[PDB]
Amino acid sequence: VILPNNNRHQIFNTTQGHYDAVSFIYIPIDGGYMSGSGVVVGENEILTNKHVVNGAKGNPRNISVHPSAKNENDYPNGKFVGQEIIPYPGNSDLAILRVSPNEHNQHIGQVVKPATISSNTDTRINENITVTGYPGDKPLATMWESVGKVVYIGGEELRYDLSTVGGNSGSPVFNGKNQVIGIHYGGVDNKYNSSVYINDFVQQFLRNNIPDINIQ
């Protein structure tokens, strides 16, 4: 959903700082492909949307994850294939994807630093945030950072005023400490963008499936 606030900047030094965990997702469908985004949060784990993993039609092996992808011809951290899809049991567009190790028996959370999850104890409306991931209007597997403000927090719903584009499905929403406060899932044209807010209940689901999860 493209809004009056469309402040987007490409990221090139993708393997450094907090960008490293921001991941590009590619799923073939016989006619073409679908793409999306996610964020590495544990040794073998990314967070993304239910609607993203549902594109695999029940086979996790159809999902390729490229952490820190720079463009279609530059995956500096290679890829990791889907192994197990663990949907968040609650009523939000959130899933964990566990991935296999790569061809060098490296784990995804060893090649990049797993992202820091916010406890969201301090998160409030009007807060300045970024949503960073792989928009579909841009060239395949290019990373973009969008700047915006939180407008709504309720239940598992966090809405902001910044712009995103199909492919931004699954993009982490960062606070100023570069901690993940939520996971983008879509938007309502001319009104706001929407994300899964990482509330206490979501945090419990993360802890119960990702033993090493870093929540601060």
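Residue positions are given as counts along the sequence shown, with the first one as 1.
Here the stretch with the larger average CA B-factor, out of 69 to 77 and 99 to 107, is 99 to 107. Set 17 to 25 against 204 to 212 and average the Cα temperature factors; 204 to 212 ends up higher. Within the group 39, 56, 150, 181, the record's highest C-alpha temperature factor is found at 56. When the C-alpha B-factors of 175, 164, 64, 48 are ranked from the entry, the top spot goes to 164. Residue 137: CA B factor in the highest third of modelled residues in this chain (values from the PDB entry). Among all modelled residues in this chain, the alpha-carbon of residue 121 has a temperature factor (C-alpha) in the highest third. Among the modelled residues of its chain, residue 31 has a C-alpha B-factor that falls in the highest third, as given in the PDB entry. Ranked against the other modelled residues of its chain, the C-alpha B-factor of residue 155 as given in the entry falls in the middle third. Residue-level temperature factors show residue 186 in the middle third of its chain, judged at the C-alpha atom.
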